[PDB]
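> Experimental structure and its sequence below.
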Amino acid sequence: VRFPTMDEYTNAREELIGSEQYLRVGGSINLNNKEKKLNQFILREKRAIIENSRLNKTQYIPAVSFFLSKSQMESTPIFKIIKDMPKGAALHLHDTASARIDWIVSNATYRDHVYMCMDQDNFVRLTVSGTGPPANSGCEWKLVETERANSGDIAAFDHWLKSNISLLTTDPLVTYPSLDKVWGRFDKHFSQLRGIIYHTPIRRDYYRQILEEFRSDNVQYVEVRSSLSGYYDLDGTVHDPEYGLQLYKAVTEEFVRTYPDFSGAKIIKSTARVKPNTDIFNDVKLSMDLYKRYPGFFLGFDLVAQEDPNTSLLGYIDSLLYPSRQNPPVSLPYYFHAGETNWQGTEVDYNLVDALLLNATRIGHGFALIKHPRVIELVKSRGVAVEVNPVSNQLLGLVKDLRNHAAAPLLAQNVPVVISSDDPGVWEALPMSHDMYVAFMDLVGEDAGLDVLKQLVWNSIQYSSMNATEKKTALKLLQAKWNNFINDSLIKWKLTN
Amino acid sequence: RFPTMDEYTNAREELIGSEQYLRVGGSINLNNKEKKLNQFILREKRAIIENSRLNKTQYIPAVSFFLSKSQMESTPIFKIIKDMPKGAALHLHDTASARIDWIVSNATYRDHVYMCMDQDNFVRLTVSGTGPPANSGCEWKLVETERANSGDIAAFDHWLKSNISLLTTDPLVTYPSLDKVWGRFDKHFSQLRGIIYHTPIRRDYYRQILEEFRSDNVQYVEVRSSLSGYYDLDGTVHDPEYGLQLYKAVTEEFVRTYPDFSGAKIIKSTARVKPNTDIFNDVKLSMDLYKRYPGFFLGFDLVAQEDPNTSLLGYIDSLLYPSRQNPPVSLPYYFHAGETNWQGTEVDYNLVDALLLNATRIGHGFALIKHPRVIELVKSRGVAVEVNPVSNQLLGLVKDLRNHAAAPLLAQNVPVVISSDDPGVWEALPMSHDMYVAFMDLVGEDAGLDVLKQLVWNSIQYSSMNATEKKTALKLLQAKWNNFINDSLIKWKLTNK
Ligand SMILES: OC[C@H]1O[C@@H](n2cnc3c2N=CNC[C@H]3O)C[C@@H]1O
Ligand SMILES: OC[C@H]1O[C@@H](n2cnc3c2N=CNC[C@H]3O)C[C@@H]1O
Ligand SMILES: *[C@@H]1O[C@H](CO)[C@@H](O)[C@H](O)[C@H]1NC(C)=O
Ligand SMILES: *[C@@H]1O[C@H](CO)[C@@H](O)[C@H](O)[C@H]1NC(C)=O
Ligand SMILES: *[C@@H]1O[C@H](CO)[C@@H](O)[C@H](O)[C@H]1NC(C)=O
Ligand SMILES: *[C@@H]1O[C@H](CO)[C@@H](O)[C@H](O)[C@H]1NC(C)=O
Ligand SMILES: *[C@@H]1O[C@H](CO)[C@@H](O)[C@H](O)[C@H]1NC(C)=O
Ligand SMILES: *[C@@H]1O[C@H](CO)[C@@H](O)[C@H](O)[C@H]1NC(C)=O
Ligand SMILES: *[C@@H]1O[C@H](CO)[C@@H](O)[C@H](O)[C@H]1NC(C)=O
Ligand SMILES: *[C@@H]1O[C@H](CO)[C@@H](O)[C@H](O)[C@H]1NC(C)=O
Ligand SMILES: [Zn+2]
Ligand SMILES: [Zn+2]
């Protein structure tokens, strides 16, 4: 008889469950006594919310649309703890989508020579023109200063601007109830801001706001996708990508010199995957040059924009292989968005295969990865971190209930993962705290606590592209931040005995 | 590494080919006729996927069954799957596996059938041969009278159907949460409980299960049944052994009539809301029926909603009782387990106990992909997972069926059988709708006839037939399969490649 007694049964059961706990993300962490006190409180809070949903038969709010869950999570102890927690790094961000829309309204649209119009789809668009109103090509441009002053209600005018630009004004899952409907709205958001946010002094100040906001959410380091290209002055001068990179380099240096508690930033060049291969070839050659001449600030290349209907990595393969085929070879690093799809066995999810054959340093999203066991092997063996952006994946149509997020089985296998926010400005998320909350509450289990948070945070520095000296310094800084957070949390939540 | 495109293509195809060989059906070698049919299926599959992807419209096979049912039935892939022999349906409930239309057109035209509207405004049906039923909570009326007085009998019969089916409206819209749709699902069983437990109706309904499944080219079924409490017009209530004997006689006569049909076996089910002392008695009952009806009575299962009710651990001394006897008794178990979006809770840990208790198959296993060690045990022991895709969508585990958690199981060749669960409740066919959505949503664009053939063979090879019965059933299946291949080549004009 295998289990003659309860003790024989529970011994076997606990060993099996415990063996899976050791295998998941953070499973090898041993919390010290202070960490255990905070962990016990977190786990009591997590069990309370889950058991109420389960036994009282009501929806699990951490997993519903961010439009509904945002205000609810923010009043809770687990959220407040994650808010205070050092996040380490945000490794997957876009430079025109990572600061507050409120700043675009309150700062950028109060500058001289800013114009607005309503397009044929009934969305506001903003731009800058130093030579009077722009040509009225399908849009009647009006000076924002004049429109605001004549609105009859300035605060309502500014609120309307924000409401017309944000994807969280209504619930995207209701208003745009399909992948291509919500991607139409997402694409529209960037068209709305494209004019104003590519004006050079506004772009410079918006990037600085990214750094300020991320530091304020206790993020010490960022790596940012940027097109780098087309920043324009009041007189119409258009700058080249190298200038855009130098501009970001100077903003970053000033910021780190001001704030020694912040590790810094590095940049990935991005190009939209709607362009012809001749354009991508030029951008790959550009990236080769910037990688050689700006090492340790310029990281490499990525292809962005909607993955399902547009060009595959294989569609660009001659350009993407070109650096490795040079004599001598040049190893241009790649950070491909890849597998951001519900499709299986198609050209889209097979981008994951090409991303690994091209030696990607990290993979963006990887939502389809759990359907690809041989790709998982390569991701684990090579230490290619998957950048998991849970709010983005829900709002942009990959999943509804976040407990169905395809990264949960990756985390259970200890696939290397970093959490990031992607485009937090677009849908009014915080730099990291909202995404870290949904990952913690939806993508791991009821009995997964502070060890999971600690591992994800450390992962974001370990799988950053900092060099050895930078990374050693950043990890010492993170450890100091972590110790302060543990001590502060015990006092705040009255857990010291 | 890739000086030319040939070397790049070879590594790409090696990796992709490795995954195709690993997944369900990857080792099958199709003969030349099967290859012709496979080529047409794959051409059809790519055409629908490419249209959704490139023309940016929703992928109908993956939307609510309420929307997709009428759309899929006109397509060649569905028609091929309809003609295809399915082998076996291994996960079925005996009060939910024949048409509601038969309940209306046959059962409610029998003498002594009564109806009432309950406090939630749903029709309930029952039989009373000893006067009208007592008006406890609702006012019972003779259906014969209500129908004759309706002034539109067609509309009256259609109203009965509409008031009982869960597909009258889209359950994802009308009952938009787990516990709302489970409320509706529970209500369905209450609506029919009285009438479907009347012995002659219960006998004839079970016969209709076999007729309908045979008509959908299913040759064998294993069915969950409570067995107990069938009642006569004079009020006699029968015991579980009588119920089992009734089904056995129906099955034997059905197989006599239709030698092209392999037959049926029965699993005793009990709802997991009862006290442990009652489950103990049902285990003892099952031990006795297993001993005295070997080869017709299979074992035991716990059913009803998994999340808010009793866990397997909550019954563990009852479930361990057979193994603890002197000499031990191995009562086979078929647990519904892991039918949940929860992780790290008592609900998904039912999967651990199902393995420790030596379950022969696991029902649903939706949470299994979150449990890497349980996956390896399921694979090494050959414990088939009964995957019920329409059920899991309608009953609230997933919205887009491409996020179904069995897709990553199939990609690793976890042993899986497709079944329909409760096809009569929501107007599905015995197997063809579930096999279509499995084929279109749970495997990839490049997965063809080999996946279908493997799933069909799996349903016999992981059935509870003994080895001799399996050989006989596979001979019959092979003959059906060969006829299906030849017929399909003629029907779809494929004979000349
Ligand atoms: O100007 C920014 C560019 O980046 C795209 N972009 C911004 N966020 C994402 C993008 N692209 C792909 N996947 C979804 C998400 O991760 C939009 C635009 O082309
Ligand atoms: O009388 C039939 C019983 O079976 C349950 N039942 C029927 N179908 C299912 C059930 N239980 C659990 N999971 C969903 C699905 O697989 C309902 C009722 O208690
Ligand atoms: C269910 O809700 C009630 C209040 O409505 C509360 O008393 C009880 O604790 C809840 N149960 C759980 C397990 O949260
Ligand atoms: C906008 O930001 C700039 C740069 O930080 C600052 O100088 C300017 O005063 C701001 N505008 C307003 C209205 O605060
Ligand atoms: C944007 O503003 C216009 C004009 O007020 C309004 O009609 C439209 O609904 C708004 N769109 C969104 C998405 O808020
Ligand atoms: C990828 O990296 C491997 C290991 O360093 C190297 O040998 C190979 O040439 C690289 N391939 C490409 C295409 O860059
Ligand atoms: C998209 O639709 C058009 C007709 O509207 C059709 O001709 C075309 O082939 C479709 N594209 C695909 C890839 O199916
Ligand atoms: C109902 O089924 C029974 C048994 O199969 C049959 O005798 C009877 O004719 C049927 N009733 C109707 C109305 O078809
Ligand atoms: C059932 O019938 C009643 C009475 O006609 C009707 O009001 C109710 O909406 C129906 N319910 C469903 C779920 O169809
Ligand atoms: C499970 O099966 C194994 C192998 O047949 C057997 O040794 C063991 O006793 C069984 N365990 C239980 C709990 O029935
Ligand atoms: Zn992105
Ligand atoms: Zn079931």
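Everything's here; your move. Numbers count the residues shown, from 1 in each chain, chains lettered A, B, ... in the order given. Ligands and ions are numbered 1, 2, ... in the order given.

> could you measure the residue in the stretch 1-150 of chain A positioned nearest to ligand 2 against ligand 10, distance?
Across the stretch 1-150 of chain A, no residue is closer to ligand 2 than residue A:57, which sits at 14.9 Å (Cβ to the nearest ligand atom). In short, each C-beta sits where N, CA and C put it, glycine included. In this view, residue A:57 and ligand 10 are 32 Å apart by Cβ to the nearest ligand atom, to the nearest Å.

> is it true that that residue touches residue B:179?
Yes. Counting by Cβ atoms under 8 Å, residue A:57 touches residue B:179, with 3.9 Å between them.

> and for the two, which residues touch both?
residue B:308 (Cβ atoms under 8 Å, 6 or more residues apart in numbering or on different chains).

> Now residue A:199. Its backbone dihedrals?
For residue A:199, the backbone dihedrals (degrees, to the nearest 10) come out as phi -70, psi 120.

> who are the neighbours in contact with it?
Residue A:199 sits in contact with A:127, A:128, A:231, A:232, A:233, A:234, where contact means Cβ under 8 Å, 6+ apart.

> mind running it again at 7 Å?
Going by Cβ atoms under 7 Å, 6 or more residues apart in numbering or on different chains, residue A:199 touches A:128, A:232.

> Mind listing the residues bridging to it?
Counting by DSSP bridges, residue A:199 is bridged to residue A:232.

> Please report how far it lies from residue A:436.
Distance, residue A:199 to residue A:436, using Cβ to Cβ, to the nearest Å: 33 Å.

> Am I right that residue A:283 is in contact with residue A:271?
Yes. The pair formed by residue A:283 and residue A:271 meets the contact definition of Cβ atoms under 7 Å, at 4.6 Å.

> what are the ranges of the helices in the stretch 251-400 of chain A?
Counting by DSSP state H, counting those that start in this stretch, the stretch 251-400 of chain A has these helices, from start to end: A:277-293, A:317-321, A:351-357, A:373-382, A:390-395.

> Burial check on residue A:393, number of neighbours?
20 (other Cβ atoms under 10 Å in any protein chain shown).

> Which part of the stretch 151-300 of chain A gets nearest to ligand 4, residue-wise?
residue A:205 (4.5 Å).

> ok, now how distant is that residue from residue A:103?
For residue A:205 relative to residue A:103 (Cβ to Cβ), the value is 8 Å.

> ok, the closest residue in space to residue A:493 that isn't next to it in sequence to residue A:381 distance?
Of all residues beyond its chain neighbours, the one nearest residue A:493 is residue A:41 (5.8 Å), with distances taken as Cβ to Cβ, 6 or more residues apart in numbering or on different chains. For residue A:41, the distance to residue A:381 (Cβ to Cβ) stands at 37 Å.

> quick one, which of those two is more surrounded?
Remark: of residue A:41 and residue A:381, residue A:41 carries more neighbours, 20 against 9, as counted by other Cβ under 10 Å.

> Isn't the more buried one up against residue A:494?
No. Counting by Cβ under 7 Å, residue A:41 stays clear of residue A:494, with 9.3 Å between them.

> Roughly how far does the closest residue to ligand 4 within the stretch 351-497 of chain A sit from ligand 1?
Per Cβ to the nearest ligand atom, residue A:425 is where the stretch 351-497 of chain A lies closest to ligand 4, at 15.8 Å. Between residue A:425 and ligand 1 the computed distance is 11 Å (Cβ to the nearest ligand atom).

> now the closest residue to ligand 3 within chain A, what's its secondary structure?
Closest contact between chain A and ligand 3, by Cβ to the nearest ligand atom, is at residue A:52 (3.3 Å). At residue A:52, secondary structure determined by DSSP: H, G, I helix; E, B strand; the rest coil is helix.

> what does chain A have sitting close to ligand 4?
Contact residues, chain A versus ligand 4 (Cβ under 6 Å from any ligand atom): A:107, A:110, A:205.

> What segments of chain A are strands?
Counting by DSSP state E, chain A has strands at residues A:88-90, A:114-118, A:124-128, A:142-143, A:219-226, A:264-272, A:298-304, A:337-338, A:362-365, A:385-388, A:417-419.

> All set now, cheers.
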